[PDB]
Amino acid sequence: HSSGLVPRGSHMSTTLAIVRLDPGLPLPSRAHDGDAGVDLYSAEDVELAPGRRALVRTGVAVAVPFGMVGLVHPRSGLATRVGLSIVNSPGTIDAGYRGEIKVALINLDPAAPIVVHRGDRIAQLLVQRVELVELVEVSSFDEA
Amino acid sequence: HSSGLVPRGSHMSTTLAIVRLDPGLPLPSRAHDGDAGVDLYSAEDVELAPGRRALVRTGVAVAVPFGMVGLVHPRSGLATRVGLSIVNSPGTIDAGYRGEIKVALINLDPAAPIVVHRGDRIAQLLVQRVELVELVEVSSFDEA
Amino acid sequence: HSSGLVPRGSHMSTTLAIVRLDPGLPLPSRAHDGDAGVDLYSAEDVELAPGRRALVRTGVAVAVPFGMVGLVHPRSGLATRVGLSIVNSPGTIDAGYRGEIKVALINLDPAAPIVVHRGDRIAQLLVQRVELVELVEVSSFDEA
Ligand SMILES: O=c1ccn([C@H]2C[C@H](O)[C@@H](COP(=O)(O)NP(=O)(O)OP(=O)(O)O)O2)c(=O)[nH]1
Ligand SMILES: O=c1ccn([C@H]2C[C@H](O)[C@@H](COP(=O)(O)NP(=O)(O)OP(=O)(O)O)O2)c(=O)[nH]1
Ligand SMILES: O=c1ccn([C@H]2C[C@H](O)[C@@H](COP(=O)(O)NP(=O)(O)OP(=O)(O)O)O2)c(=O)[nH]1
Ligand SMILES: [Mg+2]
Ligand SMILES: [Mg+2]
Ligand SMILES: [Mg+2]
Numbered sequence: 001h002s003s004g005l006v007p008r009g010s011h012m013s014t015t016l017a018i019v020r021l022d023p024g025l026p027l028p029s030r031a032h033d034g035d036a037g038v039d040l041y042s043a044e045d046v047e048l049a050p051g052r053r054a055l056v057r058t059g060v061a062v063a064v065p066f067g068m069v070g071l072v073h074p075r076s077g078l079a080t081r082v083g084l085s086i087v088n089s090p091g092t093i094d095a096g097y098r099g100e101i102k103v104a105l106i107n108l109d110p111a112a113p114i115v116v117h118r119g120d121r122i123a124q125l126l127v128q129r130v131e132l133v134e135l136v137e138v139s140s141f142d143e144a
Numbered sequence: 145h146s147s148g149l150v151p152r153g154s155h156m157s158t159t160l161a162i163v164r165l166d167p168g169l170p171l172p173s174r175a176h177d178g179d180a181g182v183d184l185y186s187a188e189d190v191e192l193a194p195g196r197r198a199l200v201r202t203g204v205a206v207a208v209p210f211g212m213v214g215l216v217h218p219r220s221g222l223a224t225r226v227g228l229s230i231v232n233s234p235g236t237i238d239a240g241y242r243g244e245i246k247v248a249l250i251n252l253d254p255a256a257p258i259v260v261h262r263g264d265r266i267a268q269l270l271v272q273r274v275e276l277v278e279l280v281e282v283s284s285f286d287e288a
Numbered sequence: 289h290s291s292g293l294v295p296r297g298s299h300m301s302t303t304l305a306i307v308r309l310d311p312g313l314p315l316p317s318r319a320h321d322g323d324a325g326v327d328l329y330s331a332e333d334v335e336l337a338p339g340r341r342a343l344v345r346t347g348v349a350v351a352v353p354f355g356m357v358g359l360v361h362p363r364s365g366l367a368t369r370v371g372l373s374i375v376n377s378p379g380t381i382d383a384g385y386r387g388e389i390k391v392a393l394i395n396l397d398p399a400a401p402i403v404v405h406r407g408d409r410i411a412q413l414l415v416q417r418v419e420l421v422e423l424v425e426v427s428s429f430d431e432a
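Protein chains in written order, with the working numbering: chain A, 1 to 144; chain B, 145 to 288; chain C, 289 to 432.
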């Protein structure tokens, strides 16, 4: 009945430890139930003239579980409306990283600068399993 | 023997409900067996001068299963040949979305405009599981 | 005790067959334990003036398992420092592909050209499961 009970269908759902390096920002959350991503905030004010990029602090650190990856995606609304993107998209956040998550925002508009404010939602963070593959070198795919 | 039988190795393979909002376009399909993506069509004719972007209608809506994500990726051929990309790539399609899938195409060529026609394959849609992570705020990764 | 023993927690970890088409380059490896990606090398020297793109040979071919996808992501360091990106990111490598992996590098800097050398780490390759979804066409999401 209350939300502290893990419902049967979410028994196996994983936890992500997070430190709010900038406690002034809300915890990242999912916009709606079942949303793939939790939105990351900007800790900072930044203006991007057309074509410029910035490495923007999000004020969070996370501990992606071993066997998993964090993935930093552009929001579609800002992408379409003003041409905001992420140079290294999808940003790859490794299980072992304990640093601050940073977003390499870029202005892909021709002519209009983008102003981002501290407390704006600038990206989305997903968490997926990844295959930590063992390479097997072969001389031909025949043999494999 | 016939294709209506789910082969043992595909017993668990998931279904994706789709509505062809624009019934004039073929259903998205995989180019070859085991292909990660089904190709999305453009419902529309659009010309992108260098550096410009457009939000292009695909004529489909989908129901990504709960626990899953739809992911909209650029095709590599158009990317290399004419510099076509997707501003918000990888496009994030949430389980709860029942709208039309739209592709934010962008011309990354310097000098040559891209012409897209209705019925062109402009992107690829993948479907993956996602971890709907429960955030656990900690003051340090020690504690976690 | 020795590394030839598959530790219990990695019993199920998957193998990826690889051919070094250019045996002069090291095998792709993970920068640290639990890293999502193995770094791909450039087989070639290439200079990208601002805004230009190139399809760069990596000197490898791989056999992504059936049920899986290879994903080619930008490195964040080069993305931020010099504006290097990948036009079709995330590059989609299909299970059935046995060709050379190629990286569609692009210079997103305004003004400074990027020089890549043979033996530079230019991208990262991830491997994930993918849902080879069966489309089910419906006239409305009601019915589904
Ligand atoms: O390439 C895309 C990406 C998203 N979408 C749709 C589906 C997705 O569930 C919805 C929201 O995507 P984002 O969360 O990336 N956009 P934004 O964060 O700007 O809007 P919202 O506040 O709706 O989450 O937009 C597309 O049609 N095409
Ligand atoms: O970054 C990439 C992406 C793809 N590829 C190769 C492997 C992949 O299986 C193949 C096809 O990729 P796309 O489906 O993204 N390209 P496209 O749709 O233009 O061609 P096709 O008609 O072959 O699917 O191209 C690369 O070598 N590097
Ligand atoms: O969008 C990003 C991407 C990465 N990162 C951090 C987390 C990740 O684990 C770390 C390394 O990312 P890359 O491997 O993509 N960068 P690079 O290969 O340049 O550096 P390294 O040599 O550290 O792997 O950088 C971010 O903070 N934001
Ligand atoms: Mg959103
Ligand atoms: Mg294709
Ligand atoms: Mg790296």
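In this text, a Cβ means the ideal position worked out from N, Cα and C, and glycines have one as well.
Tell me which residue opens and which closes the beta strand (DSSP E) that residue i is part of.
| i | result |
| --- | --- |
| residue 252(B) | Segment: none, residue 252(B) is in no beta strand (DSSP E) and carries neither H nor E. |
| residue 35(A) | Per DSSP, residue 35(A) belongs to no beta strand (DSSP E) and is neither H nor E. |
| residue 137(A) | 134-137 |
| residue 402(C) | 402-404 |
Does DSSP put residue i in a helix, a strand or coil?
| i | result |
| --- | --- |
| residue 265(B) | strand |
| residue 20(A) | strand |
| residue 273(B) | strand |
Identify the contact partners of residue i in chain C, using a Cβ-Cβ distance below 8 Å as the criterion.
| i | result |
| --- | --- |
| residue 171(B) | 423, 425 |
| residue 254(B) | 339, 340 |
| residue 184(B) | The premise fails here: residue 184(B) is roughly 12 Å from chain C at the closest Cβ pair, so nothing lies under 8 Å. |
| residue 127(A) | Simply none; closest approach about 11 Å. |
Taking Cβ-Cβ distances shorter than 8 Å, what residues in chain B pair up with residue i?
| i | result |
| --- | --- |
| residue 392(C) | 220, 223, 224 |
| residue 5(A) | Per Cβ cutoff of 8 Å: no residues; residue 5(A) is ~13 Å from chain B at best. |
Please list, in chain order, the chain C residues whose beta carbon lies closer than 7 Å to that of residue i.
| i | result |
| --- | --- |
| residue 164(B) | 425 |
| residue 144(A) | 305, 351 |
| residue 181(B) | 380 |
Please list, in chain order, the chain A residues whose beta carbon lies closer than 8 Å to that of residue i.
| i | result |
| --- | --- |
| residue 301(C) | 131, 132, 133, 134 |
| residue 284(B) | 19 |
Identify the contact partners of residue i in chain B, using a Cβ-Cβ distance below 7 Å as the criterion.
| i | result |
| --- | --- |
| residue 33(A) | 240 |
Who are the neighbours of residue i on chain B, taking C-beta pairs under 9 Å?
| i | result |
| --- | --- |
| residue 412(C) | Those within 9 Å of residue 412(C) in chain B number zero; the least Cβ separation is about 15 Å. |
Measure from the C-beta of residue i to each C-beta in chain D and report whether the shortest distance is under 8 Å.
| i | result |
| --- | --- |
| residue 404(C) | The question asks about chain D, but that chain is absent: this structure's protein chains are A, B and C. |
What do you reckon, is the C-beta of residue i under 7 Å from a heavy atom of ligand 7?
| i | result |
| --- | --- |
| residue 197(B) | Among the ligands present in this structure, namely ligand 1, ligand 2, ligand 3, ligand 4, ligand 5 and ligand 6, ligand 7 is not found. |
Next on the checklist: So within the region 333-378 of chain C, which uninterrupted beta strand (DSSP E) runs reach at least 3 residues, ignoring any that extend past its ends?
Outcome noted: 334-336, 341-345, 348-350, 356-361, 372-374
Checklist entry - If you measure beta-carbon to beta-carbon, which residues of the region 359-387 of chain C are closer than 7 Å to chain B? => result 375, 376, 377, 378, 379, 380, 382, 383, 384
Item to check | chain A contacts from the region 332-349 of chain C (Cβ-Cβ distance under 7 Å) | outcome: none
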